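A.B. asks: Sequence, then structure. It's an experimental one.
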Amino acid sequence: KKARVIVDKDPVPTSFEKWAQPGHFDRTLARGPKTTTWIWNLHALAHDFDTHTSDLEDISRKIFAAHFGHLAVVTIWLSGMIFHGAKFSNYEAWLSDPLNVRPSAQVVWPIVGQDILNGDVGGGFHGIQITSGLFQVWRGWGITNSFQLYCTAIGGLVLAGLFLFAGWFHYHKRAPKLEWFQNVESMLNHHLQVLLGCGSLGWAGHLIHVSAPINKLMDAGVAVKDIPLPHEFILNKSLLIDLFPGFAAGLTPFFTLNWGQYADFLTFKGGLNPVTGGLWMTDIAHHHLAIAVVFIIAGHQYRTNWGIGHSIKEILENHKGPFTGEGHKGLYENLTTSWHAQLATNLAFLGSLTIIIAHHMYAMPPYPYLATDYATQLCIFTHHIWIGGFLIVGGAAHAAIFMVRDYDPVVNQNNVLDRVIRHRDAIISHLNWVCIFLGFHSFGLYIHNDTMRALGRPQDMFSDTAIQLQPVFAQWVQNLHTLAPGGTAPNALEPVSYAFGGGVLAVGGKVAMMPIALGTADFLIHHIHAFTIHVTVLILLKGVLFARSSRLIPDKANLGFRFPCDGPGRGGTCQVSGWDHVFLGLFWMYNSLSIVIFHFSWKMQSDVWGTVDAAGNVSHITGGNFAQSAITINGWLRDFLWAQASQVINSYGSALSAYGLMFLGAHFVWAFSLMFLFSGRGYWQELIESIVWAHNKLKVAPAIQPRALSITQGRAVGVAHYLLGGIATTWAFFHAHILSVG
Amino acid sequence: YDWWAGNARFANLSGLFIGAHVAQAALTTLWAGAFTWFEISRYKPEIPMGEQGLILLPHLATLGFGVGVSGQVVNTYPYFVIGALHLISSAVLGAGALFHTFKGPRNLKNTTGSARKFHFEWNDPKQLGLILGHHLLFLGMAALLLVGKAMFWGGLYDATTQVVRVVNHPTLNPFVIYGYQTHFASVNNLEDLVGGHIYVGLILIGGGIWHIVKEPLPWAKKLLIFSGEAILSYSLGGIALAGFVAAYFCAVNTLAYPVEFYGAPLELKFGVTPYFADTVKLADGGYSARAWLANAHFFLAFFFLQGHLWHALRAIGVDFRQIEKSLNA
Amino acid sequence: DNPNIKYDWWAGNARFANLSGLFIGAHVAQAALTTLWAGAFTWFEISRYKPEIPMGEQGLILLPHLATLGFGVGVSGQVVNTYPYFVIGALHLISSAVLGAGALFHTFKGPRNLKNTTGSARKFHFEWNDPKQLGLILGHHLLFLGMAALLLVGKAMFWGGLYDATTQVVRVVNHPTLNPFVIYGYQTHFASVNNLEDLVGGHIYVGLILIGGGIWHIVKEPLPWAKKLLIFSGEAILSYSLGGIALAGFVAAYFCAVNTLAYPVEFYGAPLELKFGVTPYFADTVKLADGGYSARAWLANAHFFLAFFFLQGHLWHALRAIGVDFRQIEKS
Ligand code: CLA
Ligand code: CLA
Ligand code: CLA
Ligand SMILES: CC1=C(/C=C/C(C)=C/C=C/C(C)=C/C=C/C=C(C)/C=C/C=C(C)/C=C/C2=C(C)CCCC2(C)C)C(C)(C)CCC1
Ligand SMILES: CC1=C(/C=C/C(C)=C/C=C/C(C)=C/C=C/C=C(C)/C=C/C=C(C)/C=C/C2=C(C)CCCC2(C)C)C(C)(C)CCC1
Ligand SMILES: CC1=C(C/C=C(\C)CCC[C@H](C)CCC[C@H](C)CCCC(C)C)C(=O)c2ccccc2C1=O
Ligand code: SF4
């Protein structure tokens, strides 16, 4: 049927009544607290909308309104970052001197001696040095003064206001019906063509008209005050012609397919701008133009109201083959009747995308004066890897929640989903094996090496100077990408990244990017990554495939998604639920990504980053110790953790002291987590009994009876403090180190 | 009719036809008024006025409005007052437009009294002659306003001696006016132009007065079709010719456009289409004011010719059947 | 149009449109807020005023208006006395407090209908359709404005005098420009006012006619001609007022821009040039540096844009007064 706007008017009357009725949304919670378990359950169930109401339409409306809420808080945050840039930063000083001045946009108040944290960051400014790369973003945007940031910040607060109103309006006042929400073809069309396509075209516009000219003048060493305001490039064409002659041709070459007339401001240079060590704005312009066209074309695929276009259901139903029975039949119903099926997908692939972004942004630094800002480089890579890893585990969680709650046998009979359930023992047994194989033939090589080195047998080690394990395939791919410009990418001048090959590119004294040579230490660490990813997948996939049932618990779907166990019987059934697989996958996600960011940190500091002599000799931050040290655990303990922790532990009485405190604080929160993970509810409830006795004895026993946390909450609190403590430790470590050496 | 052909729904009607056209007039005066101030603000005293993208202020400067000698332009106030007057005229016309559309009646069958008062029908050839009549009288008067501006209301700028001059000898004896049927677009003296608009005016009032008192002859009824689509097609044809002639005058004529306020020479080049490109290849930008007014109105004239053809093919009958059943046969 | 129409929170102030008591309360509140702005930002500008460096660029848009009335200035805008500004700031602030108290009275404490409160439409009650009491309201308001014009005439003739840029000093006018042959002359020569006696004589002619208009609008009821042409609806009379204020705003913005006496130039930038890009606006002259944009540029542009949006207010409310429902327009 036809995609159309159809809403109910005034579905939910706006009133503070329910604000004064905590747990109104759940029938069980509505009765009120009897024990302290109620207080936890309130927060635990708050956003679990499927348990509020059965009605999919009411759930869809709650989700749509909540999203306007989350867009509002993210816009408040982004507006705040830009406002702090406008008011409490050395952005204007940093523009004048990017190489010397250190980016800072957080000033601490003088109280209890914490003003020490306002260090000398350059540009006659005292504040906390920021590692979020906002200054490099704003320079890329072509922002050259505090007033432009103020305008952008205020604009953001108005957009955050609009997003709040939208969320209130689209819930309380004009709530779309389920019909509206289930127009997946129209949504994909509008999100591909407008959100991504027109967003990318719009941005190409800004790049071509504002960013490229302003950045070109700044790279030509023109003073920030002397550079014309971005509107002067539109109003005064002559200024723009002088930088990019192609604008002389006007818009006729676009309409007459004489596109070579724009070859000066729409380039395919490759490599990096040698002044800034970032990607060329003219390459970025052409990228966003090319992206925009491909998206606007792509988003005319799905049939809406005019017959032309694909129906996704028919595409899915037609993709079946002799191994997969009914193939992708019934998956359209899964993805259009379950929000959890969509959230699973979108978290899995947005998480995977965020990790791709992490890799692509370090190797091809897109912003001016990012590549040489080693603190920003390390921090944005690590940040986006972490966000990626959490989102992926979220994908798996909501995949398991779908399997328990929203999976229908009738819809999903002899389809790809049904058939994976029927060989899940074959999937998990094989994945179990490949995990053990990778574990032995990746980690076991480190243990072999540690032992050989310890026994004074370096000739018997797995190393470049001993038994070599050269990553020949990755080495071969690096070569192909290095030979690409002029060859298999004829109209490229440089490679996409200097990481693949070409020359050392240097900005100031420092290496922006150079070839990242792969050897035995790179082969070993890559097979550690493969191992730690395959084990995380084993846990999460086992979680999703065995969420509904197993050979142990046939009726696991009836027990639900999040239950602690089915009792000490059958030998003991602790942590069989899909929730408990997510819990265990988080530790393995944490273990996996920890080694990824450690790999990145050490490899970049030893083999890429460093100073460049006038002659052209590169002196690396840790002097290429990775090749010989990163092949033993002792080498990681000594030359990475021990060596590079010197800055964080020696930070007291300086501007980095905060990272020293965060480092210990995080070690504490991590250790605190072991209380929750190693212990059980039974002990704590019995201890609370005695404490409750003493409160009873003095007539201070609370009406809301104290209870030990639930078995599940114990685990949830455990893994929360473990991840917080562990990640925060590395965060403090990375900052204190890279803000000293980088 | 569909949404895209939604303005064809009030084609007949009465009140919305006045409203839609008085709105276009309000918009046209708003363009005339507001972009006067735009061109005043964008006009730099230095650099000759041709390449500054000015297509409105030169028209005022041609009428000898604060110019001086050799287009030096001392006074900007006369341009501002004209800009203000057309802008206030836009406001009252805009108010009058949305009155007749929304507030006023959507039919004039019982409003004014009769077809002579203000009502009209497309088929009836008596009141549409009266409308044409009074419109020719207004155009006739509008031509005599320019004659007024020439004779002693300031005088008009001449490119012969590059100054604002007062004409006091209009070119009578239409032996030269009939002479200018072949010697047109080579007008080199202002007395000939003034005498031209005098001859246009006195005949246009003479045409006007004749169209009101008399009804078209059965010869006219037999030849020309009295249909809203047909009279639109005749108008599209009339404007197309006007546009092509105006485009030619803009290109070749050196007096009616005083050269120093514009580029100066335009050569007719043909590749895929005819177009007046440019002379001296205007650098530091591209295309003079004259080049814009010549080409834009030529292309508009060509598309209005395609408008004549399209609407005239629908004028012979309805042709909404003959386009579809053209191939469905 | 249905009789029991209910408006949302965003159109929530349309709910008391008719009513009676809340209409007084809502407008006495606006008056209290307007006087609070007039009173409190006097002290703001006094505190922010630096004696040295010319007070065009220091963002003073209230104190210059007082300084124009020859109010502790001296010679060549030297500004000797700051105390008279503080007292005016205090007086408008105490007027705000009593108007605020009067506002909250009529809204909460006082009755929500005046049908049986005061006695009749003559006493203090009002109805939109009836053209008899709304003429009385217009009348007494014109009398007050007429008196308020004669206060400025008072300030000119006897109470200190007004500052002139001719000789750059506070001067007392003792020869007001009578003979309205010059007042009709100033229908074209307006915004080029070069002498204070002409301005004083102008406000004298405005005042004596505004009292004369006021007194007439009480004693007589509009002719059936008026009833036939103009519509007596609360939305219609609002639209006429929005139109009236829009014109006032545009005229005031022009006088602020071009006139060099009514704003004595030394307290401001001095020249404002009308440029057009996307909208008409009075940008600035001599490009005021070390901040940006003179006080004159602010008073000119702000009131021009306010005038334009009040014109969009006139259109919106006037289209709703005649009987255009936009809801059925977006439906088909
Ligand atoms: C402005 C006034 C307002 C009022 C009076 C209401 C009133 C109501 N809302 Mg509505 N709503 C509003 C605005 C409002 N809403 C807005 C702006 C949105 C868009 C998000 C919504 C979207 C919405 C949804 C999706 C739902 C409601 C529901 C309701 C009803 C129950 C809500 C409740 O009791 O929880 C009170 C809760 C709070 C006071 C907590 C607010 C949490 C905010 C939104 C986020 C805070 C983020 C902040 C940065 C903190 C981060 C972490 C911190 C450590 C820093 C109640 C009638 C519910 C309902 O009808 O169920 C029957 C329901 O499901 N509203
Ligand atoms: C867009 C992303 C997204 C969305 C919309 C949802 C939505 C939902 N999730 Mg999913 N989930 C996500 C990402 C998301 N999740 C990710 C990334 C993970 C991996 C961790 C998960 C893993 C997950 C599990 C295991 C479960 C859910 C559940 C749910 C449902 C209930 C959530 C709730 O009530 O929280 C209430 C909120 C709290 C209890 C507070 C959370 C605070 C966290 C633990 C720590 C925050 C620390 C912070 C980062 C640092 C500040 C520290 C400082 C304050 C000291 C709801 C449908 C639950 C469900 O039953 O589904 C039906 C459920 O059991 N999610
Ligand atoms: C250092 C700590 C540590 C170690 C060594 C292990 C080891 C293992 N974990 Mg465990 N895990 C850990 C911490 C650890 N975990 C923690 C803290 C948690 C809580 C979150 C978990 C939760 C967990 C889950 C949820 C899962 C695992 C799984 C695994 C196995 C993965 C398969 C593999 O690599 O086999 C190869 C073995 C090794 C790498 C161990 C060292 C091998 C040595 C170097 C070689 C042998 C030397 C020699 C022959 C010794 C014997 C000789 C002697 C008797 C004389 C592996 C046995 C997964 C699994 O079982 O899938 C297959 C799985 O799904 N673990
Ligand atoms: C940063 C930020 C901000 C801002 C932003 C902005 C400012 C934006 C804008 C945006 C934009 C500004 C965009 C736009 C775009 C556009 C587009 C996207 C267009 C398109 C077009 C087209 C598509 C075309 C077509 C066509 C035609 C029409 C005709 C001819 C043919 C063609 C095809 C060419 C704020 C404040 C929010 C806050 C936060 C942050
Ligand atoms: C019906 C219709 C339509 C149409 C309409 C139209 C087209 C309208 C028009 C209208 C208009 C067309 C209007 C106008 C207006 C104007 C104005 C608004 C003006 C103003 C002005 C001013 C404001 C001025 C002032 C000044 C002066 C005079 C001088 C000094 C300076 C100043 C600036 C102050 C449409 C399609 C939409 C839709 C459908 C229906
Ligand atoms: C320590 C521990 C507890 C005990 C911890 C409990 C009961 C948590 C209680 C702590 C909170 C912070 C109590 C908060 C009480 C009041 C709300 C505080 C009011 C005062 C503030 C306003 C300052 C468990 O219950 C448990 C259960 C299952 C597995 C492991 C463990 C576990 O390790
Ligand atoms: S130990 Fe805890 S989780 Fe395990 S079976 Fe017993 S109650 Fe369940």
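C.D. replies: Received it, and whenever you're ready, just let me know what you need. Numbering: from 1, shown residues only, chains lettered A, B, ... in the order given. Ligands and ions are numbered 1, 2, ... in the order given.

A.B. asks: Can you list the residue ranges for helices in chain B?
C.D. replies: B:15-42, B:57-62, B:77-98, B:127-151, B:175-179, B:190-213, B:218-223, B:228-252, B:289-315 (DSSP state H).

A.B. asks: Relative to ligand 1, which of those is closest?
C.D. replies: Comparing these by their distance to ligand 1 (Cβ to the nearest ligand atom), the top pick is helix B:77-98, with 37.2 Å. Backbone N, C-alpha and C define where each C-beta goes, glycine included.

A.B. asks: CA-only coordinates of the closest one in CSV, if you can.
C.D. replies: What follows is helix B:77-98, C-alpha atoms only, in CSV (Å, rounded to 0.1, in the frame of the first residue of the first chain):
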residue,chain,number,x,y,z
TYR,B,77,19.2,59.7,-4.0
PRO,B,78,17.0,59.8,-7.3
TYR,B,79,17.6,55.9,-7.6
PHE,B,80,16.7,55.3,-3.9
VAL,B,81,13.4,57.4,-4.2
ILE,B,82,12.3,55.4,-7.4
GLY,B,83,13.3,52.2,-5.6
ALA,B,84,11.1,53.3,-2.6
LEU,B,85,8.2,54.4,-4.8
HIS,B,86,8.0,51.0,-6.8
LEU,B,87,8.4,49.2,-3.4
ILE,B,88,5.4,51.1,-1.7
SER,B,89,3.4,50.5,-5.0
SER,B,90,4.3,46.7,-4.6
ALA,B,91,3.0,46.8,-1.0
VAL,B,92,-0.4,48.3,-2.0
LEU,B,93,-0.7,46.1,-5.1
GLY,B,94,0.2,43.0,-2.9
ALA,B,95,-2.5,44.1,-0.4
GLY,B,96,-5.0,44.6,-3.3
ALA,B,97,-3.9,41.2,-4.7
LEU,B,98,-4.7,39.1,-1.6
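
A.B. asks: Can you give me the buried ones in that helix?
C.D. replies: Within helix B:77-98, the residues scored as buried using 16 or more other Cβ atoms under 10 Å in any protein chain shown are B:78-79, B:82-84, B:86-87, B:89-90, B:93-94, B:96-98.

A.B. asks: same thing with stretch B:5-13?
C.D. replies: Buried-residue list, stretch B:5-13, by 16+ other Cβ under 10 Å: empty.

A.B. asks: same question, stretch B:319-329
C.D. replies: residue B:319.

A.B. asks: Could you double-check that residue A:530 sits in contact with residue A:435?
C.D. replies: No. With contact defined as Cβ atoms under 8 Å, residue A:530 and residue A:435 do not form a contacting pair (9.9 Å).

A.B. asks: Packed most tightly, which of the helices of chain B would that be?
C.D. replies: helix B:57-62 (a mean of 21; mean count of other Cβ atoms under 10 Å in any protein chain shown).

A.B. asks: Now do it: everything it contacts.
C.D. replies: Contact with helix B:57-62 is made by B:36, B:39-40, B:43, B:49, B:67, B:71, B:73, B:78-79, B:82, B:156-157, B:256-258, B:261-262, B:289, as judged by Cβ atoms under 8 Å, 6 or more residues apart in numbering or on different chains.

A.B. asks: Look at the residue of chain A at minimum distance from ligand 4 and give its secondary structure.
C.D. replies: When you check chain A against ligand 4 by Cβ to the nearest ligand atom, the closest residue turns out to be residue A:155, at 2.7 Å. Applying DSSP: H, G, I helix; E, B strand; the rest coil to residue A:155 yields a three-state assignment of helix.

A.B. asks: Setting aside sequence neighbours, what's the nearest residue to it?
C.D. replies: Leaving aside its chain neighbours, residue A:155 sits nearest to residue A:79 (7.9 Å; criterion: Cβ to Cβ, 6 or more residues apart in numbering or on different chains).

A.B. asks: quick one: the one you found and residue A:163 touch, right?
C.D. replies: No. Using Cβ under 8 Å, residue A:79 is not in contact with residue A:163, being 11.0 Å away.

A.B. asks: Assign residue A:668 to helix, strand or coil.
C.D. replies: Of the three states, residue A:668 takes helix according to three-state DSSP.

A.B. asks: wouldn't it be in contact with residue A:725 here?
C.D. replies: Yes. Residue A:668 lies in contact with residue A:725 (Cβ under 8 Å); the separation is 7.1 Å.

A.B. asks: So for those two, which residue has more residues nearby?
C.D. replies: Ranked by neighbour count (other Cβ atoms under 10 Å in any protein chain shown), residue A:668 and residue A:725 place residue A:725 first, with 19 against 14.

A.B. asks: check which helix or strand covers the more buried one.
C.D. replies: helix A:711-741 (DSSP states H and E).

A.B. asks: For residue B:14, list the residues it contacts.
C.D. replies: Here residue B:14 is in contact with B:106, B:107, B:108, B:109, B:111, B:119, B:120 (Cβ under 8 Å, 6+ apart).

A.B. asks: Show me which of those residues are buried.
C.D. replies: The neighbour-count test (16+ other Cβ under 10 Å) marks B:108, B:119, B:120 as buried among those.

A.B. asks: Chain A: which of these is nearest?
C.D. replies: Among the buried ones among the contacts of residue B:14, residue B:108 lies closest to chain A (Cβ to the nearest Cβ), at 37.9 Å.

A.B. asks: need the contact list for the closest one.
C.D. replies: Contacts for residue B:108 (Cβ under 8 Å, 6+ apart) come out as B:14, B:15, B:117, B:118, B:119, B:120.

A.B. asks: repeat that for 7 Å
C.D. replies: Residues in contact with residue B:108 (Cβ atoms under 7 Å, 6 or more residues apart in numbering or on different chains) are B:14, B:15, B:118, B:119.

A.B. asks: re earlier: so which of the contacts of residue B:14 sit within strands?
C.D. replies: Using DSSP state E, no member of the contacts of residue B:14 falls in strands.

A.B. asks: restrict those residues to those near ligand 6?
C.D. replies: Near ligand 6, judged by Cβ under 6 Å from any ligand atom, there are no entries from the contacts of residue B:14.

A.B. asks: Any chance of JSON lines for the residues you listed, columns distance to residue A:51?
C.D. replies: Converted to JSON lines, those look like this (distance: Cβ to Cβ, whole Å):
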{"residue": "B:106", "distance to residue A:51": "57"}
{"residue": "B:107", "distance to residue A:51": "62"}
{"residue": "B:108", "distance to residue A:51": "66"}
{"residue": "B:109", "distance to residue A:51": "66"}
{"residue": "B:111", "distance to residue A:51": "66"}
{"residue": "B:119", "distance to residue A:51": "70"}
{"residue": "B:120", "distance to residue A:51": "69"}
